[PDB]
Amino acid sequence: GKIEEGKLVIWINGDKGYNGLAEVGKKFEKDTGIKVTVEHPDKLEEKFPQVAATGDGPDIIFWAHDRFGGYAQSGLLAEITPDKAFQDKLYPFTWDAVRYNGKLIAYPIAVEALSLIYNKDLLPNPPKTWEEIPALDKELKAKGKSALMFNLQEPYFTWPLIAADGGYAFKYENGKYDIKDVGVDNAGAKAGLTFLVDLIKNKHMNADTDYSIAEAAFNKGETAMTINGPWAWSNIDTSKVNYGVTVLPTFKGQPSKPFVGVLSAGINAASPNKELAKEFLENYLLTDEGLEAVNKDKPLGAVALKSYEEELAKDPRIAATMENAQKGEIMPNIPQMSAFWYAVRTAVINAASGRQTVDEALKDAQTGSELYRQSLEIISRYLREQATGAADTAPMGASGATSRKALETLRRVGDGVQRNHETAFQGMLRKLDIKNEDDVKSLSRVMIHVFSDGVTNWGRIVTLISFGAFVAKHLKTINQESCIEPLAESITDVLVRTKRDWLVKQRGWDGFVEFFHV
């Protein structure tokens, strides 16, 4: 579809201050005559990339910054170009959160971190350690209360415990991510998730607890503690619970490490209202008055706007938010975050329910989180060596035996396919008439149509990749060798997005190697 010119449609999550945001919209309308519609659809972070890819969706999307790199990589976001005067009004680290491939892709709004929230009438002093919670629950159960309830359906809430003893998403060293180094199934991650599963086994928590259930229990005074972000404080205020906000408990003597989000506002690349969107965000929302309107509805956390943050920083709840943030880590914004979160979501739910053991659950999560990078390594190497006649001398890196053996297998089976099906391959090549980088960009749709709509098996995956090598050879011969790595990226994207679940179920590329073992 087509986004309508002369209005603004905004999407924001239903846990945020969307009524406050709508008030800012009304102020904008009063000056400009432009109606601002604020919506909070379910699963908006999944809906956005689907609808925006067709030139549809909201003019402005609000989410934590972690999702925005994927959106930017997909061409769904307009580049943000504020002047120096405006940029200087926000904290530099918040702009860093919304930078992707050297470009600003959103406006930062506020810094969010989970804290421990406790009922002072039940628990005058909160526990300093996770390890003491079982004994505390026993004391409280005898009085008809429980120690702790929080959302076990979203891995955002369990991550601080998984990370505490050494779990990590993507390793960060010497000022850089090693995207090849994933820390989801190490001893530290296992210890944290085992502690969570044991809480459930011992009836201190219930696997089915979600956001609404935990919120209701805390706000009714039934449970002594919860884990939540600043947005939750409004409903607690309304409940009149005598609450405190504090540092998360330690695990094995180490801080809980929340993944820190920067609520950010991106402009849809398909919007015909980009100038209106920039005006709204810079001159209405990111002002003391604008942020106050949203914050009074549901608190934002530590806002990006320096002038207003100076007022808010005096609040002990914000001090606690920032203490927890400093103990955690700013989320990456790399496109692979979506897959990481899906993988860990499934692991936590399956481990909590008993569907998988902790070891089984985190193994699958590691495979899911590594899948893009490993698939690209294999596919890129095969395409490039096929096109040039010479292999890549670079070390395979992480999980290198699997990558090496997969590439060996692919050489054997993929060369066979190209030989036996040379006629069909040559015919399809000529039909597609691939001349340049723009023509390569058009293949994704065709690949999804032909590949993804068909039986899922390793044979069809070999055809996908082998035909890719056939195209790569063609690109080299016509002096378009620069198109090969984009092509490999495109093939990988199609494969891992459309066959994610199946691939993880096969043990990924180890399954491929076993399937074609001579």
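We number the residues from 1 along the sequence you see. Between two forms, the rigid core is defined as the largest C-alpha subset superposing within 1.5 Å.
Comparing 161-169 with 434-442 in 9 other deposited structures of this protein, after superposition on the rigid core, the stretch with the greater RMS C-alpha deviation is 434-442. Rigid core superposition in 9 other deposited structures of this protein puts the Cα atoms of one stretch, out of 208-216 and 401-409, farther from the shown form on average, and that stretch is 401-409. Of the other structures of this protein that model both sides of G354, every one gives it coordinates; not a third omit it. In the comparison with other entries of the same protein, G175 is left without coordinates in at least one third of those covering both sides of it. Between 174-182 and 291-299, it is 174-182 that carries the larger average Cα temperature factor according to the deposited entry. Across the two stretches, 304-312 and 427-435, the PDB entry reports the greater mean Cα temperature factor for 427-435. Note on the listed residues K363, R355, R381, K84: the highest Cα temperature factor in the record is that of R355.
Sorting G229, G266, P155, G416 by the CA temperature factor given in the entry leaves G416 at the top.
Remark: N235 belongs to the lowest third of its chain, ranked by C-alpha B-factor as recorded. Residue-level temperature factors show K141 in the lowest third of its chain, judged at the C-alpha atom. Per the PDB record, residue ranking by Cα B-factor puts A110 in the lowest third of the chain. In this PDB entry, the Cα temperature factor of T94 sits in the bottom third of its chain's modelled residues, the lowest group. When the modelled residues of the chain are ordered by their C-alpha B factor, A53 lands in the highest third.
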